[PDB]
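A short worksheet on the structure shown next.
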4 protein chains.
Amino acid sequence: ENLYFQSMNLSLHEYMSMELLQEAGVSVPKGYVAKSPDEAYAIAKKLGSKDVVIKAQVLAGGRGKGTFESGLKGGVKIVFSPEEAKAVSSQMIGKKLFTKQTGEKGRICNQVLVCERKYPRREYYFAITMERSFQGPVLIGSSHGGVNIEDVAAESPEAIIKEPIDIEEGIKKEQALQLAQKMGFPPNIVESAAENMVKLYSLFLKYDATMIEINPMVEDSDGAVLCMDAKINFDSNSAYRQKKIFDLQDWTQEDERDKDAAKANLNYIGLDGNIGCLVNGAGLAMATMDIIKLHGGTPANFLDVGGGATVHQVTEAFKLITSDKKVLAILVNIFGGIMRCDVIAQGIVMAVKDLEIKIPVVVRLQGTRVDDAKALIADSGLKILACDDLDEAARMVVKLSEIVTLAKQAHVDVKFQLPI
Amino acid sequence: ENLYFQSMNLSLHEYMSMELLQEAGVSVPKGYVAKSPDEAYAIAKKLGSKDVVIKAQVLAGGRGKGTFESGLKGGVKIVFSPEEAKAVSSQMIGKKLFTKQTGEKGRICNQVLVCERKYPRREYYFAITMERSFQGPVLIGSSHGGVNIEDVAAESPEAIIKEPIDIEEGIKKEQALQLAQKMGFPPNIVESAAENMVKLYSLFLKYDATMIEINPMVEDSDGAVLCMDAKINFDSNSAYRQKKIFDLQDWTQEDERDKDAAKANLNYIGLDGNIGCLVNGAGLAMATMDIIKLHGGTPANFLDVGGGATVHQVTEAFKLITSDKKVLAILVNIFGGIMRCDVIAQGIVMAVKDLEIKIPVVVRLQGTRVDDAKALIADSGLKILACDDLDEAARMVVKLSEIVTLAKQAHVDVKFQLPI
Amino acid sequence: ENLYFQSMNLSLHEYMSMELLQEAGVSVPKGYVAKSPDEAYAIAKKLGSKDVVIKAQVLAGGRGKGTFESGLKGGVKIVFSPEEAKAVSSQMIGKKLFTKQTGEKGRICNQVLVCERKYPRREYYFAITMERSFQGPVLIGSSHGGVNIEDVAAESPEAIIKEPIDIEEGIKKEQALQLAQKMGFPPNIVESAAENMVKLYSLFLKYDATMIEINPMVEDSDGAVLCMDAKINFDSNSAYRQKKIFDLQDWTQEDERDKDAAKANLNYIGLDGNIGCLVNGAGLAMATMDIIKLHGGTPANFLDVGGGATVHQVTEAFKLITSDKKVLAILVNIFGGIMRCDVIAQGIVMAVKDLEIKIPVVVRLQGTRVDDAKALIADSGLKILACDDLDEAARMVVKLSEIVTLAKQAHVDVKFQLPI
Amino acid sequence: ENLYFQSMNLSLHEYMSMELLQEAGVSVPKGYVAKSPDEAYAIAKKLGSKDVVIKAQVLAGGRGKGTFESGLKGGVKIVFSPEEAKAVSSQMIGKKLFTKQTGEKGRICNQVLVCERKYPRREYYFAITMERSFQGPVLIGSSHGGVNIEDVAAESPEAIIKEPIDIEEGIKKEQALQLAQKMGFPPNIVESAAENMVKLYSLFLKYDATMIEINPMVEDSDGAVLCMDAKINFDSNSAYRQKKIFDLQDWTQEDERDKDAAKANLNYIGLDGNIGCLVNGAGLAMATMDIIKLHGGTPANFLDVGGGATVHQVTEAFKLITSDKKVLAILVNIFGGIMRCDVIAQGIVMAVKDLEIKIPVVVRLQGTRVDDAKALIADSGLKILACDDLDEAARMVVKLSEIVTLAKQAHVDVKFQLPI
């Protein structure tokens, strides 16, 4: 489901997206960022010392059901005095949040968002998303905000209004009024909704975004609709020309291995197995995972070197797989194409020679240079276990993983070589 | 049950024991040996060309229930003309007998026994056996011959008469009359029974026998009791001074590996496992089997080098284990004592160097010379996988057997070495 | 768990309790009752034609998760115009609500409650309950309203403030201020909370109530704390002197059998079995249920005739068990005491004679009159199957139920009589 | 397998058939009958006081594997003095033989057969049997006597010689010589075999026999072939004209119920169930058994009244089923035909009225008189539970058996009647 394997789209913390909406002129509750209880106190007394909401800036699927190490329920709190605001913030900042998505490797709440608490009258869901069905941006709107939207979308498909937009002519205000009036806005604040949607679409086109979800867009108790949440999924490919947004990327929310892989343009996918891999292209990565799971194995943490990567890239790759200790047997399964196989053969030679890779490297190299790669493998004269059949390679690597974990139990050492 | 592991007592073919009884003067039906149908014809016409019995000379537990490759039931047949005697003998000589004891590796019927057929009137079981309970020879007699004797012995212990004998004063004829009259002999042929028992005891003491079982000793239709079967279990230790009996040992009834082992004074025990061994003493052999079966393994074919054997003996031993292909991992588990451990270390060095023993040799050497053995193992500088704990050695060897059979499946080669 | 078997405490519809709070002077949102969409329209336009809440008046454990036959989710709705108020009310009034407590025999929503929608700022739970631990009324208060209170009470027992009250000296305002300030009220509206609690306690003592639960007591966005829900569990025994409250009892929420049983002072307990009963006292009723479930049976619908009931009461009882068709075998298990057993014997005689009770009546009568009861049973001369051992009676009745359901399958008729 | 249900062919004791062979002139070992140890002594001393065989006269499938109450193995013994002959006979006469066919209801050994013991030289099987395949008597001969013949017949069909005979021209001596020479008789005693077969065929035709099995026909140690066993299965239908043979029928070998049934020309079949029956014709008897076993029941002991039986016959029948106590529910399942159904209706009326048949009689009467039978059933006015569908009748009777055994457990009494 979803993509997962292909790219990890940049998700910002809540306060960054809230600031981005603020600078764009979108109507928004007053909000600030707190790194310590002191400025939390300062902002709480600045907003009136009463009726304040505190939100945790943690990137996870579960944020209201998570648990802190201090023993607090959820990531959102409602405080009514700056003193209790400091008290609760002292239990969030510097604390590790345990949610079901993390399980046990929870992310740490570095900052918090301090906002004014506003009472919503009606709850609308809204979302500007790029999509292939309508060959472009789509404005989705509904009057079922504040609640999970997939359930009502599946049970009541009519209630989810979807309107496409023509990109070359841009967005027209009449379209925004049409969407607002089809959702069911009050006839006195439709203009504000149209202005908010126009500003949101301008932000959507400017920052190279992919999906701006406002859930829920809520009318206040005194009109002047205000957005509550501003989830933004950006585009990974837009790193080259969107420097401001991508520089603010939070790196604490991912493993240091992920950061190192991204430093060299290598996709990384960790897992719960004990058979490392090194695969060219996501498709053959899922293929390798499926074929390993067929033979009773389970991949541990496998990579994706992209196309045209240098030898240093695959050297860093092998460093990255060998960094994890849960790995037992590594297979480099790269078929040829854009990624010139000879540089991978050179990279395996260099990486096995340097980092002392004693684990069984079940290589399987093909494509656009087979003579050079195999010739280099033979010239290097190592335990580089050559193979040339995908099913045979998977069988061999799974059996080698079992052999390694068995010999570790037996407290004996083994060395693997091709049959004569 | 029984001994099995310790020594394989010499069991002769039926015709040899029948001849031995004949030369001792024991009353016996006329019998001859046939190697081909031609002399079977000659003997059948010699005995009257009618009322003849043919017996198969195969050493197995099942002889009347076995099957030939030609498709004949049982090893005994009753022929009434020399022509049908030739016909049935052509289906016995040169044919392979399939019994449940053999299962599929049946022994070949080399010769047959041609005897006159006599109608028994009463069936007595009789047996002169050495035993520890009565500290010497024991004459066992009963009137339940021709039928398996353990069942009636267990159900009716009174019916099995047992009489001990004092060796220095020999056997007395009065004792033989007492035994005959307690079995229930007719009062007219008791003297013949006493003479037969005296002759049998003389044969028992002469040929260094251990158990002479006559089952069934039968009175004929005209008196003059005649023995039908003459099973004789001899003594293995009596080879030095009983040359005539032990030279007539049939070697076709055992595997060629057994013959080779006996040629060098090595006990051999084949099995259905895939972990070879090499054990000093039967007791530690059962210990090794039990400890291997504890860890899920199963020994394949393990030996017993006795005491004080030369280095050539253990070289031949390792040749013998490596001869079998069903073996995967070999453990030499010799503790010290009479068998000087240093000669075994020298033997493993020489045998691994010569026969190219690539299988994992999980050695475990101790006793009366540990410094010399370990020093020689270290000086030789091989894959001689040293170990010094019995449970650890069994764990290691079972895991190595699993590793070997797994790598054979994976079609990859491995080399085993001690952890650094 | 709970009581269930002993008494069904009178639970009023929401609007009746809301009116009771209104007449007592308790601060309360404006609310009205609608029986048809027309007055729903009238009240909606009366309250401002906007920001209105509609609640279903159904007595069930699940009210926000239930389903209507029309296909609407939950019993609460938020409407913003009188027209959509009429539209939603047309899908509530006259409709049958399906909740998990009912399963399939859902209660019908006869009326609805139309109220003004107010935005709560803080949510407090509060409850005046009679209890034995504190030998009287207890004021329970907490700052975790709007959410199920058992979870937070068990996980955080400190957060649930409990304060007892001395009945003879009444409640003191200082106690109300103490409770308000220990919950954490704002220091400007503590007086209003104290006045509300005093009025609620006066209502609690007046109407012979047992538990008044305000969940959640919420401060408004402009002070002047207003109660949202006003659950009231009354006292069954207080029917004699509380006529106004008990006359307003809604009878549609229970089976007509329950209404008929209450018309004659008989406790009724329906079930999912097929062995009817008729038991004196709740304790022996649970005893009979347990002993029937021991023998593999399951009681169908069993009663409780109380003490000193007339013969007409037990005649109506037997009419009531025989009314249900799911019953197969009926056991009257009354032990003596206050309930004079002879009148039950007369009642069984009359009821079996009149209503033609052909089902096996496994009677078991004892206590304070055994001679008269058994004499009357014998004089009447029927199939009144006498028994005098509790375990034997349960065995007999379970076996008779099996016999009856088996003979119904066989399409044959049976008649049961005591062994001669 | 076999017939079982249809007729119990008269099997005589061994000594009667041996005498029958003796009077016919068939060569036979000398034999006598002993009822007490005294004449056993007399005969043993008459035959030479030595070499005597004792056989038990018990009609069962297992005779050499059975057990006596005294604790003796098998029914055959070999004695060599009249004193031990008396001793063993004292453990046979008056003793109850336990074989697997009987299980626990073993037959009692009333007499024994004392015979001379002869040593067989060759063992031939022989049998004159009526059969439909060859439309008459068949002489079967083989040279595999003394051993079970079905195994060798199935494995080696060629070895079983079968020769048919033309009845009108009788048997010809040339045919007997042909059979003897095809079995493999010695060429000097073929004439004796032919004479024996001619005499056996004369006996076969005279006594209206069906199968005369000589197993094994054995040549003696001095020629003059002598028959050992002389099993004779006679014809049930030949009772009218074979008075001498059928008068000697032993009745102790069957249950007294079987004797009573045979006294009135009723077939009886006891079983291990608890649903009695009363069926016209064997075919519908197997049909009723199969249909009862389909519905989870098991018939107890069911009958066969033949054709044209009087009312007294079915009265005795019902007496016979009701005699057994293991029966619970009785079904009379007679379809019309030769057996006039009205007499069965009269018989059920009389038998239920007389013997006080309180068990549920699930009648199912049809055929050639339905008006009279049903009219009589209705006029008698009883609990005669009428039914008219075979599957419905089986369902009803199985359910009634379950109801009866359930009410017996409940210690309550029931009465069954047709639904109104």
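Residues in the structure tokens are named by chain (A, B, ... in the order shown) and by number from 1 within that chain; ligands are numbered from 1 in the order shown.
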- Test item: residues at most 9 Å from range 134-138 of chain B, only C-alpha atoms, excluding those fewer than 3 positions along its chain, as a ChimeraX atom specification: /B:127-131,162-167,210-211
Go through chain B and flag each residue having an atom no more than 7 Å from chain A; for those, report the closest pair of atoms plus their distance in Å to one decimal, using only C-alpha atoms, ordered by chain and rising number, as a tab-separated table.
residue	atom	partner	partner_atom	distance
B:395	CA	A:410	CA	6.8
B:396	CA	A:410	CA	5.1
B:399	CA	A:410	CA	6.0
B:403	CA	A:403	CA	5.6
B:406	CA	A:399	CA	6.7
B:410	CA	A:396	CA	5.1
B:412	CA	A:419	CA	5.8
B:413	CA	A:417	CA	5.5
B:414	CA	A:416	CA	4.7
B:415	CA	A:415	CA	5.1
B:416	CA	A:414	CA	4.7
B:417	CA	A:413	CA	5.5
B:418	CA	A:412	CA	5.9
B:419	CA	A:413	CA	5.5
- Could you name the residues that touch residue 224 in chain B at 7 Å or less, counting only C-alpha atoms, but leaving out those on the same chain fewer than 3 positions away, as a list in words?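 Counting only C-alpha atoms, the residues come to residues 189, 192, 219 and 220 of chain B.
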- Quick one: pull the distance between CA of residue 327 in chain A and CA of residue 401 in chain A, Å, one decimal.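 Taking CA of residue 327 in chain A as the start and CA of residue 401 in chain A as the end point, the length is 8.8 Å.
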Neighbouring residues of range 168-182 of chain B were defined as those with any atom within 12 Å, considering only C-alpha atoms; residues of the same chain fewer than 6 positions away were excluded. Please report them as a PDB file with N, CA and C atoms, in the first residue's frame.
ATOM      1  N   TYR B 124      11.410 -81.316  22.434  1.00  0.00           N
ATOM      2  CA  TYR B 124      12.075 -80.784  23.616  1.00  0.00           C
ATOM      3  C   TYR B 124      13.052 -79.690  23.215  1.00  0.00           C
ATOM      4  N   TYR B 125      13.128 -78.648  24.030  1.00  0.00           N
ATOM      5  CA  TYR B 125      14.140 -77.617  23.887  1.00  0.00           C
ATOM      6  C   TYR B 125      15.255 -77.867  24.890  1.00  0.00           C
ATOM      7  N   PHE B 126      16.493 -77.619  24.467  1.00  0.00           N
ATOM      8  CA  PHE B 126      17.634 -77.893  25.327  1.00  0.00           C
ATOM      9  C   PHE B 126      18.735 -76.899  24.992  1.00  0.00           C
ATOM     10  N   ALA B 127      19.562 -76.567  25.980  1.00  0.00           N
ATOM     11  CA  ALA B 127      20.561 -75.522  25.761  1.00  0.00           C
ATOM     12  C   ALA B 127      21.620 -75.565  26.849  1.00  0.00           C
ATOM     13  N   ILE B 128      22.880 -75.676  26.454  1.00  0.00           N
ATOM     14  CA  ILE B 128      24.006 -75.541  27.371  1.00  0.00           C
ATOM     15  C   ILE B 128      24.565 -74.140  27.186  1.00  0.00           C
ATOM     16  N   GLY B 136      28.813 -70.178  35.643  1.00  0.00           N
ATOM     17  CA  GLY B 136      29.335 -71.203  34.774  1.00  0.00           C
ATOM     18  C   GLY B 136      28.336 -71.734  33.769  1.00  0.00           C
ATOM     19  N   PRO B 137      28.598 -72.933  33.256  1.00  0.00           N
ATOM     20  CA  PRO B 137      27.658 -73.552  32.319  1.00  0.00           C
ATOM     21  C   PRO B 137      26.370 -73.958  33.014  1.00  0.00           C
ATOM     22  N   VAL B 138      25.277 -73.900  32.265  1.00  0.00           N
ATOM     23  CA  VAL B 138      23.948 -74.225  32.760  1.00  0.00           C
ATOM     24  C   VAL B 138      23.258 -75.069  31.702  1.00  0.00           C
ATOM     25  N   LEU B 139      22.682 -76.194  32.118  1.00  0.00           N
ATOM     26  CA  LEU B 139      21.872 -77.027  31.240  1.00  0.00           C
ATOM     27  C   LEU B 139      20.417 -76.622  31.430  1.00  0.00           C
ATOM     28  N   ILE B 140      19.828 -76.041  30.398  1.00  0.00           N
ATOM     29  CA  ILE B 140      18.427 -75.650  30.391  1.00  0.00           C
ATOM     30  C   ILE B 140      17.670 -76.655  29.545  1.00  0.00           C
ATOM     31  N   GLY B 141      16.557 -77.140  30.065  1.00  0.00           N
ATOM     32  CA  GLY B 141      15.755 -78.112  29.350  1.00  0.00           C
ATOM     33  C   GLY B 141      14.281 -77.852  29.558  1.00  0.00           C
ATOM     34  N   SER B 142      13.502 -78.169  28.527  1.00  0.00           N
ATOM     35  CA  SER B 142      12.059 -78.002  28.597  1.00  0.00           C
ATOM     36  C   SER B 142      11.412 -78.900  27.557  1.00  0.00           C
ATOM     37  N   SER B 143      10.105 -79.091  27.704  1.00  0.00           N
ATOM     38  CA  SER B 143       9.313 -79.902  26.788  1.00  0.00           C
ATOM     39  C   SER B 143       8.437 -79.031  25.898  1.00  0.00           C
ATOM     40  N   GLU B 158       8.038 -72.255  35.590  1.00  0.00           N
ATOM     41  CA  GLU B 158       8.322 -73.563  36.170  1.00  0.00           C
ATOM     42  C   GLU B 158       8.733 -74.573  35.106  1.00  0.00           C
ATOM     43  N   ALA B 159       8.136 -74.491  33.915  1.00  0.00           N
ATOM     44  CA  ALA B 159       8.381 -75.482  32.876  1.00  0.00           C
ATOM     45  C   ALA B 159       9.805 -75.450  32.341  1.00  0.00           C
ATOM     46  N   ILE B 160      10.573 -74.406  32.632  1.00  0.00           N
ATOM     47  CA  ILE B 160      11.934 -74.266  32.129  1.00  0.00           C
ATOM     48  C   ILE B 160      12.876 -74.733  33.232  1.00  0.00           C
ATOM     49  N   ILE B 161      13.367 -75.958  33.099  1.00  0.00           N
ATOM     50  CA  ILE B 161      14.284 -76.533  34.075  1.00  0.00           C
ATOM     51  C   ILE B 161      15.682 -75.996  33.813  1.00  0.00           C
ATOM     52  N   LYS B 162      16.345 -75.514  34.863  1.00  0.00           N
ATOM     53  CA  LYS B 162      17.721 -75.040  34.764  1.00  0.00           C
ATOM     54  C   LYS B 162      18.556 -75.755  35.812  1.00  0.00           C
ATOM     55  N   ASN B 188      12.534 -95.268  28.475  1.00  0.00           N
ATOM     56  CA  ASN B 188      13.325 -96.221  27.709  1.00  0.00           C
ATOM     57  C   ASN B 188      14.463 -95.579  26.928  1.00  0.00           C
ATOM     58  N   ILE B 189      14.415 -94.266  26.701  1.00  0.00           N
ATOM     59  CA  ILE B 189      15.432 -93.565  25.931  1.00  0.00           C
ATOM     60  C   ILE B 189      16.173 -92.530  26.767  1.00  0.00           C
ATOM     61  N   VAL B 190      16.052 -92.599  28.093  1.00  0.00           N
ATOM     62  CA  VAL B 190      16.741 -91.643  28.955  1.00  0.00           C
ATOM     63  C   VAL B 190      18.251 -91.795  28.820  1.00  0.00           C
ATOM     64  N   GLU B 191      18.726 -93.031  28.656  1.00  0.00           N
ATOM     65  CA  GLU B 191      20.160 -93.264  28.506  1.00  0.00           C
ATOM     66  C   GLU B 191      20.706 -92.579  27.259  1.00  0.00           C
ATOM     67  N   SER B 192      19.965 -92.648  26.152  1.00  0.00           N
ATOM     68  CA  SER B 192      20.397 -91.974  24.933  1.00  0.00           C
ATOM     69  C   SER B 192      20.457 -90.464  25.130  1.00  0.00           C
ATOM     70  N   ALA B 193      19.468 -89.899  25.828  1.00  0.00           N
ATOM     71  CA  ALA B 193      19.489 -88.467  26.111  1.00  0.00           C
ATOM     72  C   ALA B 193      20.691 -88.091  26.960  1.00  0.00           C
ATOM     73  N   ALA B 194      20.999 -88.906  27.969  1.00  0.00           N
ATOM     74  CA  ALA B 194      22.154 -88.632  28.811  1.00  0.00           C
ATOM     75  C   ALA B 194      23.443 -88.680  28.005  1.00  0.00           C
ATOM     76  N   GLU B 195      23.573 -89.672  27.123  1.00  0.00           N
ATOM     77  CA  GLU B 195      24.765 -89.760  26.289  1.00  0.00           C
ATOM     78  C   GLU B 195      24.871 -88.560  25.356  1.00  0.00           C
ATOM     79  N   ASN B 196      23.744 -88.138  24.777  1.00  0.00           N
ATOM     80  CA  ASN B 196      23.746 -86.981  23.891  1.00  0.00           C
ATOM     81  C   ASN B 196      24.150 -85.718  24.639  1.00  0.00           C
ATOM     82  N   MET B 197      23.627 -85.535  25.854  1.00  0.00           N
ATOM     83  CA  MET B 197      23.991 -84.363  26.642  1.00  0.00           C
ATOM     84  C   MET B 197      25.454 -84.394  27.059  1.00  0.00           C
ATOM     85  N   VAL B 198      25.981 -85.571  27.399  1.00  0.00           N
ATOM     86  CA  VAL B 198      27.397 -85.674  27.743  1.00  0.00           C
ATOM     87  C   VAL B 198      28.264 -85.311  26.543  1.00  0.00           C
ATOM     88  N   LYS B 199      27.920 -85.836  25.365  1.00  0.00           N
ATOM     89  CA  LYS B 199      28.682 -85.498  24.166  1.00  0.00           C
ATOM     90  C   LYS B 199      28.577 -84.012  23.842  1.00  0.00           C
ATOM     91  N   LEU B 200      27.382 -83.437  23.995  1.00  0.00           N
ATOM     92  CA  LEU B 200      27.208 -82.012  23.738  1.00  0.00           C
ATOM     93  C   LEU B 200      28.019 -81.171  24.710  1.00  0.00           C
ATOM     94  N   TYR B 201      28.084 -81.574  25.979  1.00  0.00           N
ATOM     95  CA  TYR B 201      28.885 -80.822  26.936  1.00  0.00           C
ATOM     96  C   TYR B 201      30.372 -80.960  26.638  1.00  0.00           C
ATOM     97  N   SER B 202      30.804 -82.139  26.187  1.00  0.00           N
ATOM     98  CA  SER B 202      32.197 -82.293  25.782  1.00  0.00           C
ATOM     99  C   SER B 202      32.522 -81.381  24.606  1.00  0.00           C
ATOM    100  N   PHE B 204      30.932 -78.615  23.976  1.00  0.00           N
ATOM    101  CA  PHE B 204      30.827 -77.270  24.529  1.00  0.00           C
ATOM    102  C   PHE B 204      32.127 -76.845  25.197  1.00  0.00           C
ATOM    103  N   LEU B 205      32.740 -77.745  25.960  1.00  0.00           N
ATOM    104  CA  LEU B 205      34.005 -77.428  26.611  1.00  0.00           C
ATOM    105  C   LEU B 205      35.173 -77.436  25.635  1.00  0.00           C
ATOM    106  N   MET B 217      15.225 -80.564  20.310  1.00  0.00           N
ATOM    107  CA  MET B 217      15.606 -81.959  20.477  1.00  0.00           C
ATOM    108  C   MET B 217      14.354 -82.817  20.464  1.00  0.00           C
ATOM    109  N   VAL B 225      16.599 -90.404  19.989  1.00  0.00           N
ATOM    110  CA  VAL B 225      16.400 -88.961  19.899  1.00  0.00           C
ATOM    111  C   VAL B 225      17.448 -88.333  18.991  1.00  0.00           C
TER     112      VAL B 225
END
- Query: So which one's closest to residue 287 in chain A, A:223, A:334, A:377, A:273? Using only C-alpha atoms, please.
  - Reply: A:334
- Task: Check the DSSP output for the backbone and give back, as number ranges by chain, the residues of range 243-316 of chain C in strand (DSSP E).
- Result: C: 267-270, 275-279, 301-304
Once you have the residues from the selection above, write them out as a PDB file, in the first residue's frame, restricted to C-alpha atoms.
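Listing of again.pdb after writing:
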ATOM      1  CA  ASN C 267     -39.626  -9.467  38.861  1.00  0.00           C
ATOM      2  CA  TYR C 268     -38.959 -10.781  35.353  1.00  0.00           C
ATOM      3  CA  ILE C 269     -35.641 -11.745  33.777  1.00  0.00           C
ATOM      4  CA  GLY C 270     -35.574 -12.794  30.142  1.00  0.00           C
ATOM      5  CA  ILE C 275     -35.798 -23.684  30.208  1.00  0.00           C
ATOM      6  CA  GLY C 276     -38.277 -21.411  31.945  1.00  0.00           C
ATOM      7  CA  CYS C 277     -38.304 -21.116  35.717  1.00  0.00           C
ATOM      8  CA  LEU C 278     -40.262 -19.533  38.555  1.00  0.00           C
ATOM      9  CA  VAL C 279     -38.069 -18.704  41.533  1.00  0.00           C
ATOM     10  CA  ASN C 301     -36.975 -16.467  31.166  1.00  0.00           C
ATOM     11  CA  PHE C 302     -37.334 -16.754  34.923  1.00  0.00           C
ATOM     12  CA  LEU C 303     -39.299 -14.784  37.459  1.00  0.00           C
ATOM     13  CA  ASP C 304     -39.326 -13.688  41.095  1.00  0.00           C
TER      14      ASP C 304
END
- Excluding same-chain residues fewer than 5 positions from residue 22 in chain A, what lies within 12 Å of it counting only C-alpha atoms, as a ChimeraX atom specification? /A:15-17,27-32,196,199-200,203,226-227,230
Output file for the residues above (C-alpha atoms, as a PDB file, in the first residue's frame):
ATOM      1  CA  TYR A  15       5.063  24.872  13.082  1.00  0.00           C
ATOM      2  CA  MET A  16       7.033  25.246   9.836  1.00  0.00           C
ATOM      3  CA  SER A  17       3.928  24.659   7.711  1.00  0.00           C
ATOM      4  CA  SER A  27      -6.137  33.123   7.857  1.00  0.00           C
ATOM      5  CA  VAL A  28      -4.548  31.224  10.724  1.00  0.00           C
ATOM      6  CA  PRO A  29      -4.630  31.045  14.544  1.00  0.00           C
ATOM      7  CA  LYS A  30      -1.716  32.795  16.221  1.00  0.00           C
ATOM      8  CA  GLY A  31       1.078  30.312  16.856  1.00  0.00           C
ATOM      9  CA  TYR A  32       4.664  30.206  18.031  1.00  0.00           C
ATOM     10  CA  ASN A 196      -8.173  31.298   1.568  1.00  0.00           C
ATOM     11  CA  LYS A 199      -3.884  31.823  -1.252  1.00  0.00           C
ATOM     12  CA  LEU A 200      -3.473  28.107  -0.532  1.00  0.00           C
ATOM     13  CA  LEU A 203       1.337  28.508  -1.909  1.00  0.00           C
ATOM     14  CA  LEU A 226      -9.372  29.567  10.289  1.00  0.00           C
ATOM     15  CA  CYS A 227      -7.320  26.523   9.335  1.00  0.00           C
ATOM     16  CA  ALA A 230      -1.943  22.316   7.612  1.00  0.00           C
TER      17      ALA A 230
END
- Message: DSSP on the backbone: which residues in range 103-346 of chain A end up as alpha helix (DSSP H)? Give the answer as a PyMOL selection string.
- Response: chain A and resi 149-155+173-183+190-206+243-247+256-263+282-294+311-323+341-346
- Task: Figure out the distance between CA of residue 65 in chain D and CA of residue 26 in chain D, please, to one decimal in Å.
- Result: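 These atoms are spaced 29.2 Å apart.
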- Mind checking which residues fall within 12 Å of residue 221 in chain C, counting only C-alpha atoms, ignoring those fewer than 2 positions away in the same chain, and posting them as a list in words? residues 51, 117, 118, 119 and 221 of chain A; 117, 118, 119, 120, 121, 122, 123, 218, 219, 223, 224, 225 and 226 of chain C
- Who sits within 10 Å of range 234-239 of chain C, only C-alpha atoms, same chain under 4 positions skipped, as a ChimeraX atom specification: /C:7-12,204,207-212,243-247
Could you dump the residues just selected with C-alpha atoms as a short mmCIF file (atom, residue, chain, number, x, y, z; two decimals), in the first residue's frame?
data_model
loop_
_atom_site.label_atom_id
_atom_site.label_comp_id
_atom_site.auth_asym_id
_atom_site.auth_seq_id
_atom_site.Cartn_x
_atom_site.Cartn_y
_atom_site.Cartn_z
CA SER C 7 -34.65 -4.56 40.39
CA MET C 8 -34.58 -2.37 37.26
CA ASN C 9 -34.02 1.16 38.57
CA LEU C 10 -36.18 3.80 36.90
CA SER C 11 -34.20 5.67 34.25
CA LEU C 12 -36.01 8.63 32.73
CA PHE C 204 -31.30 14.65 45.06
CA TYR C 207 -37.08 13.26 44.45
CA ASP C 208 -35.73 10.24 46.39
CA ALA C 209 -32.95 9.88 43.83
CA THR C 210 -30.03 7.48 44.09
CA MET C 211 -27.42 8.80 41.64
CA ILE C 212 -27.35 12.18 39.87
CA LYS C 243 -45.84 9.65 42.30
CA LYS C 244 -44.95 12.40 39.82
CA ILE C 245 -41.58 10.92 38.83
CA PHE C 246 -42.73 7.30 38.64
CA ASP C 247 -45.90 8.12 36.69
#
- One decimal, Å: what's the distance from CA of residue 93 in chain C over to CA of residue 79 in chain C, could you say?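 The value is 15.8 Å.
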